[PDB]
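The block underneath contains the structure these notes are about, expressed in structure tokens.
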Ligand SMILES: CC(=O)N[C@@H]1[C@@H](O)[C@H](O[C@@H]2O[C@H](CO[C@]3(C(=O)O)C[C@H](O)[C@@H](NC(C)=O)[C@H]([C@H](O)[C@H](O)CO)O3)[C@H](O)[C@H](O)[C@H]2O)[C@@H](CO)O[C@H]1O
Ligand SMILES: CC(=O)N[C@@H]1[C@@H](O)[C@H](O[C@@H]2O[C@H](CO[C@]3(C(=O)O)C[C@H](O)[C@@H](NC(C)=O)[C@H]([C@H](O)[C@H](O)CO)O3)[C@H](O)[C@H](O)[C@H]2O)[C@@H](CO)O[C@H]1O
Ligand SMILES: CC(=O)N[C@@H]1[C@@H](O)[C@H](O[C@@H]2O[C@H](CO[C@]3(C(=O)O)C[C@H](O)[C@@H](NC(C)=O)[C@H]([C@H](O)[C@H](O)CO)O3)[C@H](O)[C@H](O)[C@H]2O)[C@@H](CO)O[C@H]1O
Ligand SMILES: *[C@@H]1O[C@H](CO)[C@@H](O[C@@H]2O[C@H](CO)[C@@H](O)[C@H](O)[C@H]2NC(C)=O)[C@H](O)[C@H]1NC(C)=O
Ligand SMILES: *[C@@H]1O[C@H](CO)[C@@H](O[C@@H]2O[C@H](CO)[C@@H](O)[C@H](O)[C@H]2NC(C)=O)[C@H](O)[C@H]1NC(C)=O
Ligand SMILES: *[C@@H]1O[C@H](CO)[C@@H](O)[C@H](O)[C@H]1NC(C)=O
Ligand SMILES: *[C@@H]1O[C@H](CO)[C@@H](O)[C@H](O)[C@H]1NC(C)=O
Ligand SMILES: *[C@@H]1O[C@H](CO)[C@@H](O)[C@H](O)[C@H]1NC(C)=O
Ligand SMILES: *[C@@H]1O[C@H](CO)[C@@H](O)[C@H](O)[C@H]1NC(C)=O
Ligand SMILES: *[C@@H]1O[C@H](CO)[C@@H](O)[C@H](O)[C@H]1NC(C)=O
Ligand SMILES: *[C@@H]1O[C@H](CO)[C@@H](O)[C@H](O)[C@H]1NC(C)=O
Ligand SMILES: *[C@@H]1O[C@H](CO)[C@@H](O)[C@H](O)[C@H]1NC(C)=O
Ligand SMILES: *[C@@H]1O[C@H](CO)[C@@H](O)[C@H](O)[C@H]1NC(C)=O
Ligand SMILES: *[C@@H]1O[C@H](CO)[C@@H](O)[C@H](O)[C@H]1NC(C)=O
């Protein structure tokens, strides 16, 4: 008859790393790194995003003749734009403060197009000959649909003086442009005025522009250029226009209410009719883990980006008639620590739930604390800088690289320390049990040194159960042990 | 006759959290988070700040009639400004590079106002008619006090040519402006010349401006605009002015010496006549703790900002005829570890000075190291970007959020781990005392298993003090114990 | 007659600090902080940097007469420039977008100067009178060598129209400028046209300029000013020029290929003819340590910067014939970390245990190597390129750098203290385990003196002592002898 103390073992082949040792096999393990995604675009908090397909923000706003598909978007959460849009500006030119406009238009609560100046408001000017071959429509010359190009009528260009007095209860977005001619003859043929000017004024805007006649290289078969501008009109403000040539008047305006911020995503994947909380250009994430390695650029409440490919926390035991010194028993299934009994009455395994429950609770609490002690907040990441702003881009790159390195180091070191701590805790528990069974039986038996005790006397099944319970009668078998000795 | 080992216990109720269990009860604890402030504005290192009350920087500099009295305060550390100043730019207009001037005027030493161009220097121009109803003073039209508005005299406006040596030994700040008319008739009424220009030139400045005549919405009953500019004059440089209309000439200049930098605070709290080191918009904070959660915006040597509400370190034992594994001893005052003694003379308590002193020193060193290993530097945090610089503001917000998350996570994890270590550090010391006593005792007594030893022989107070001291003579009582063993 | 346990001890005086104790003497220690440099400038990955000596970037590009060092370096890794260059611009003026051009003129794969407009292309204009005393050369007036200052000829200034196709297969860098006069008389004497203009146009450029005539201060004896501009020409684009006065036509153009990105170093150290990997204004760093405290500004893959002065990691034993419970200063053992000292009638000796020593050294080495190796290092170029009117972004950058420095310093110090504390107990645990293993094998044949030794009742000789070290002991063989010895 003998009593031994051992620990649970199984056929698991999972491996973890510690500070001192590498490739240690454990019975159970858990991963805290996210590495999967659905590979589709999904709604952000129930708000459908805006997809511009092959168009661009400038082309969509100005009304490119090949980009009239999008006319109904009451609201959106973020904008998805392809990396190299095809139809951006049919007529060569530029838009002032393009990046700021895109950043402002990222997230819009309400959007509606209205007409502010009917085409009938120009009795003394021609409004039908302003077409170009650089903006074809069904094989015919056309122009932008949201603006009107005015030319001379009856060989005369009377001065223009009109004003608009805002009556809606929301802000308005208004766009206008100026055209640069090629030579004096073309300027005379188009406007009859050798020298022209444009004046725009509001409560806060004071602008004056003049044409720049010169020679330029051909773009899309056209040597002219067009420059556009934009502004925001207050609910009770008014805007005044005045020009005598080279003026592109506005026709439609947008009603905008903004109560948030976002950025623009460059991706080519398709919509998927799904709801998510975190979005990446390659897919969506639906994980509660504190770390991930999918993609740097993310929108929304997302885990943190790290370089490591594996972060495994050890939660089980060290995998491998004897005792705890040799190895772990495979015959026991219930519990982590227990006793293997053996006598003439029978043999079997008995577990100790008192310490197993405490160990399980401790490990679970450690894992839960590590997972849940992390704070996350809404963030938007993107590239919003042009050619002549490289210094700020480099600063942002330094930002992201430093944060990535810090997080990677912290996570790796924390995992490495915690694995060893858990292993040492398990060893401490098993030795605590071994000394708990000790110092109670006294000299009635002898310790073979292999984790087992050989009773000199005879201990019944009830006696062994009482030993497990922690209540043992030493004087009951003291004389039997004494006469048994030698 | 028995000796038992135990530890201190009291009526405390503080609770601390570990990595494995939540709010175990401990006897003593220390907080390392600061959550209190005096709620007043105080001097920074003995330098009084600048309080503008209901004015703005531009209004204070230009001399708004209903805003400023005189300069005062030749030096200051930071500027306190209300969220929405009332008196600012009575005449509608704008100031060029407002944000840069605001940032540069944060911390200034030896700020003094001097007069450079007396009003007697304009004998051929009118100087007593440049007043407007948009800037009333005691019910009468007035204008800015630091600049002069020039009008035509005797239906004429001769060209102006003036230069200024800077004979002072410090840098000089000069401001001037240009006025935009409303129509040709008004321009002729104010100035005889129909076309005007302004030329300003220094060793590093080359500027030429022209007025812009157009129709604008009326603000404060005025449709005109005034744009102002500023520059820094070197100690031995000169500035040349040349104009023939629409010119606002300077009259006063400021002598400025700068060494350092700070930021502008938006707050409404009052002055309190105190000297602090860290300042927040809601009050002033002084402490040695490494963390705080008062306000994100701070100026000076302030602790780090975290989101947590509680951060408590454990510096004591676990609270709850006895023994080690029963609990604590309420009656055992004056010590952490010690011996409970009971002979035929009587019973009482005794403490082990050495182990308690080592434990106290270790805990104190741990706490002091955690507190003092923090590096603090002077910093100024504030919002200094306009409406057309949203991207940089987003970048700054990303900076602040990332740093806050990193600090919060690291602090929480460190607190949990150190609490875990410190909570069970003392158990090893108590175990060491126990088996030291057992090693000296050997088999002269019997272990009851609850933490005491039942003496077979008689041990008087001298023998008991010898046992505590570490001088036990086995052969002296061995024969008596052998006879009593049966 | 007795057997004892102990550990190695020596004559080192290294000191380390733990969380609970300070100034603890240890047998062996290792530092993980780099504090040395060669004090020289070296090549970066085999690419020699560009050293401009006393000439600034603008003067080198425009062709300042006092910068006659026309040495050709087709490819450079970074630019070394003095804090206050002397020869920058002989004629007072400014260069548009100077900072962006300087940033773009970092590491360049290919660079060559070619001629695009010969002087013979101006038959109706004077090209020999464009000299000034502000740009002396051998005691004679001169001008920039890369541009031409056009003056009126035969009291006439015909309008200029010219275009240039880029027939090369690489990007082109072109510079031009405009001159500001002082008064009407000077303008008439120089160009004969009271009103002038300049027009420049490409596929993406549309610029128009007009001279500004005013009175300015005297700098270098000249009251005039000169403003220069630059642009990048695509491999199949063209640029058109048109002006009627105050025009400074380009003569030479730079043919450039750009792949990477770098920054500019401000230092005065000399060249060293070395090939390093990390660069610093005060020298070069060659180490694999994760931390350093040399200089905040670095270029390349460099360790992290901290404000600490000492970072020592404990890897040895607690430095100071009975031991194991009392002072373990067993100076006799010089062949291991843990072992036994034996003594009987035959003799004595300081034996050692190989298994425990191997386990301990492997564990400590693994810890040190893991801490050193788990560093992610990437190429980062750190500099300070911001003008006088951009102080807010500079303050933002300074705040970022300070925050990162504080985080790294605090984390490193706390980690070092915690790891020293953790390491200074594994040896104690091993010694206690060895002492326990020595026990429960002799049982009652020996008396545990408590001092860290066992005294056998029976007679055990060298073979029996070697056996008990080996872990094989015959208790019944000496059981009766221990019985008869027990009184
Ligand atoms: C008055 C006229 O028609 N003159 C003819 C020249 O324009 C023409 O030169 C060719 O012009 C081509 C493009 O001309 C258009 C266009 O962009 O399609 C024609 C449009 O009617 C005109 N629109 C308006 C509202 O005036 C438009 C406009 O003038 C410019 O876009 C101004 O920026 O120009 C094309 O570019 C050819 O490459 C160019 O040679 C010559 C020769 O074809 O004939 C003239 O009769
Ligand atoms: C010089 C004068 O008396 N001009 C008369 C016009 O002012 C007047 O038009 C009315 O002008 C009102 C405001 O005019 C002031 C003002 O701001 O109070 C009058 C000031 O004397 C004048 N100051 C100077 C130095 O010239 C000032 C100035 O002209 C403008 O501010 C320039 O920006 O204007 C108010 O705006 C009324 O709405 C407007 O009708 C006309 C018609 O009565 O008579 C003029 O003689
Ligand atoms: C052409 C000439 O000699 N003109 C004389 C004026 O220059 C002179 O005024 C004095 O000018 C001095 C410098 O004049 C130079 C120079 O910078 O050395 C003379 C150069 O020939 C001339 N170069 C060209 C290509 O025209 C150059 C140029 O005019 C200016 O740099 C334009 O910015 O100027 C010096 O500044 C003296 O302080 C100044 O008084 C007057 C009176 O002496 O006589 C003119 O003949
Ligand atoms: C730690 O103590 C807190 C007491 O503050 C316990 O938290 C409370 O839990 C009850 C129900 O369990 C809630 O109704 C209270 O609102 C909680 N208080 C706070 C301040 O959150 C907590 O349960 C204790 N820890 C554990 C493991 O039970
Ligand atoms: C402003 O005044 C100072 C003081 O008179 C001028 O500096 C002097 O200039 C003359 C001739 O230029 C020299 O001979 C003196 O030696 C200078 N004195 C000092 C103390 O430097 C200065 O030139 C004047 N400013 C301008 C633009 O002329
Ligand atoms: C640890 O295990 C992995 C997986 O098999 C193996 O690639 C690696 O080489 C192992 N480490 C060592 C030191 O052998
Ligand atoms: C815009 O219209 C409202 C409607 O009466 C008017 O009160 C307001 O003054 C108008 N705006 C301006 C600038 O006059
Ligand atoms: C996310 O995953 C959980 C399970 O982890 C699942 O129940 C849920 O449907 C998924 N989607 C959302 C939107 O929560
Ligand atoms: C705890 O005991 C101390 C010791 O006298 C006493 O001063 C204190 O008031 C007690 N606290 C409570 C809550 O009873
Ligand atoms: C901090 O302020 C408190 C006021 O509540 C004061 O008692 C204390 O002395 C101050 N500490 C220092 C170092 O000034
Ligand atoms: C310390 O001991 C080593 C070992 O022999 C010896 O080489 C060295 O000289 C000694 N140093 C001192 C200062 O005693
Ligand atoms: C630790 O040693 C250093 C160097 O000898 C000394 O400067 C310092 O004061 C010592 N610390 C203590 C607490 O004695
Ligand atoms: C440059 O030459 C090529 C050669 O065919 C020609 O196609 C191109 O049009 C030329 N550049 C311009 C601006 O015309
Ligand atoms: C850098 O230092 C290592 C270690 O001493 C050495 O092997 C290597 O040759 C050094 N490299 C250079 C370029 O000096």
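A few comments on the model shown:
- Highest mean first, the peptides B:138-151, B:273-286, C:63-76 sorted by other C-beta atoms within 10 Å per residue fall in the order B:273-286, B:138-151, C:63-76.
- Per-residue Cβ neighbour counts within 10 Å put A:173, C:41 in the sequence A:173, C:41, beginning with the fewest.
- For the residues of C:416-425, the average number of beta carbons from a partner chain within 10 Å of their own beta carbon is 2.
- Taking the range C:48-268 and dividing mean pair separation by its residue count, relative contact order in percent (alpha carbons under 8 Å, at least six apart): 31
- Each stretch of four or more DSSP H residues adds -39500 (n - 2.57); spread over every residue of the protein assembly as shown, this sum gives -7500 deg cm²/dmol at 222 nm.
- For the range A:33-147, the ratio of Cα radius of gyration to the globular rule of thumb 2.2 N^0.38 Å stands at 1.32.
- In terms of Cα atoms, the Rg and Dmax of the range C:48-268 work out to 17.8, 52 Å.
- Ordering A:442, B:485 by the number of other Cβ atoms within 10 Å of each residue's own Cβ, fewest first, gives B:485, A:442.
- Taking the C-alpha atoms of the range B:315-422, convex hull volume expressed per residue in Å³: 152
- Square roots of 5 times each gyration tensor eigenvalue, C-alpha, the protein assembly as shown, largest first, Å: 84, 34, 34
- Rh (Kirkwood; distinct C-alpha pairs) - the range B:145-227, Å: 15.3
- Residue mean of other protein chain beta carbons inside 10 Å, B:397-403: 6
- Sorted peptide list for C:88-95, B:339-346, criterion being average Cβ within 10 angstrom, highest first: C:88-95, B:339-346
- Spatial separation of Cα centroids for the range A:365-440 and the range B:180-207, in angstrom: 65
- Calculated P(r) of the range A:328-376 - Cα pairs past 11 Å, %: 73
- Across peptide C:366-377, the average count of Cβ atoms from other chains found within 10 Å of a residue's Cβ is 4.
- The range A:27-59 and the range B:46-75 have their alpha-carbon centroids 52 Å apart.
- Sorting C:176, A:122 from the fewest to the most surrounding beta carbons within 10 angstrom yields A:122, C:176.
- For chain A, the fraction of alpha-carbon pairs lying more than 42 Å apart is 49 percent, rounded to a whole number.
For neighbour counting, all protein chains shown are included, and Cβ atoms are generated from backbone atoms with ideal geometry for every residue, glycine included. Bear in mind that the values in this text are calculations on the coordinates, not laboratory data.
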